[PDB]
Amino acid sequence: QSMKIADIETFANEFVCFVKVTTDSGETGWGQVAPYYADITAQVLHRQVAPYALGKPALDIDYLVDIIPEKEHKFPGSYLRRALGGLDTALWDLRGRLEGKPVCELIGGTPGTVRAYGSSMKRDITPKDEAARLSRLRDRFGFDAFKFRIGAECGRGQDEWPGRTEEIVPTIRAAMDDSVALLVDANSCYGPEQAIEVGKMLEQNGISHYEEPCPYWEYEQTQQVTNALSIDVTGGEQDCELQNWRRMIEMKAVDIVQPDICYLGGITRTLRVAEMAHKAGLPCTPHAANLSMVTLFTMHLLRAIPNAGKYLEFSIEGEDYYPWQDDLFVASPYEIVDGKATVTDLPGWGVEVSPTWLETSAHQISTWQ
């Protein structure tokens, strides 16, 4: 008898939901679904994911991740994939713990360090404040790459306020030495013509990464931008469907692919996207926008994949922006030294969810009958 999945448990609040899997012999692993409306994701997982997993071989993640999107074929898109990513990440943890190895080792890497870029999420902050803040971060933690925001999120061509973009790009560049890589993200702001003009201005100021210039669901628009520019154009964080990834990569719509491990549905599906990209010659620089487990999943992936991109996205926002990210874990795995994060040799994900966070969570369980 191979180990079977006996119980699937969730521990949630509106923001974050952890997933705990237990086998019929008592071994466990912990994962997490995508943050945001996590309490709803939890319900989807019990209702639409768990019925297909209970009683199944616990080590056969490929079966589950392959079959459940077809069992629930009337539900294409985000919520199902978010729920599946919780089960997948918990199962990889379970395996790591069984084998006594970190997830990066199971998927072909080794523990060690990863270059991080400090990622700013605010469009609210003035250019001068953002330059100040990033400079202080560079001094304190040693970051040698940063990402800041331009345009307005799905802004249909409009900036956050008049002139913010023209100001911020050279203000940050001025504050930072040429040894510091600068990245920007437009959050689907521009049509292609405008996106190209903005991109030529980025190229005048030593910016090296241009993320989501156009509505992300319009591949042709993005492809027009990639083709017209020299700056690397990057995208993919909201793309949760493998057939969509195959199409984006066939079209070479971007220079760099940026799946989000939780939005895409877990490590297994992310590894398939990274391989598709590797076959086409494209680096994979995953999206990780907060300090829930999404960052640590990404750290393990970047230690492993042959076409890992240049750095880990590492959110530098504090408690005003992500108050729900504080005290998720017994010990933070996110200490940065000399601009680098570290994957340790601890088994599985190598973290423990805070008992203080768990006491107050909404718990739900599905058990194999």
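Residues carry their position along the shown sequence, with the first being 1.
J.: Got a sec? Mean C-alpha B-factor, which is higher, 152-160 or 88-96?
T.: Averaged over C-alpha atoms, the B-factors run higher in 152-160.
J.: Decide which of the stretches 46-54 and 326-334 has the higher mean C-alpha B-factor, going by the entry.
T.: Result: 326-334.
J.: If you check the C-alpha B-factor for each of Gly266, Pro213, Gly112, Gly281 in the entry, which is highest?
T.: Reading the PDB entry, the winner on C-alpha B-factor is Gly281.
J.: Among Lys71, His209, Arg246, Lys252, which carries the highest Cα B-factor?
T.: Reading the PDB entry, the winner on C-alpha B-factor is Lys252.
J.: Quick one: classify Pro35 as lowest, middle or highest third of the chain based on its Cα B-factor.
T.: Tercile = middle for this residue's CA B-factor.
J.: For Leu64, does the deposited CA B-factor place it in the lowest, middle or highest third of the chain?
T.: It falls in the top third of the chain.
J.: Please say which third, lowest, middle or highest, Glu9 falls into when its CA temperature factor is compared across its chain.
T.: For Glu9, whose C-alpha B-factor we compare with every modelled residue in the chain, the answer is the lowest third.
J.: Relative to the other modelled residues of the same chain, rank the CA B-factor of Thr367 and answer lowest, middle or highest third.
T.: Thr367: CA B-factor falls in the middle third of its chain.
J.: How does the C-alpha B factor of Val21 compare with the rest of the chain: lowest, middle or highest third?
T.: Lowest third of the chain for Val21's C-alpha B-factor.
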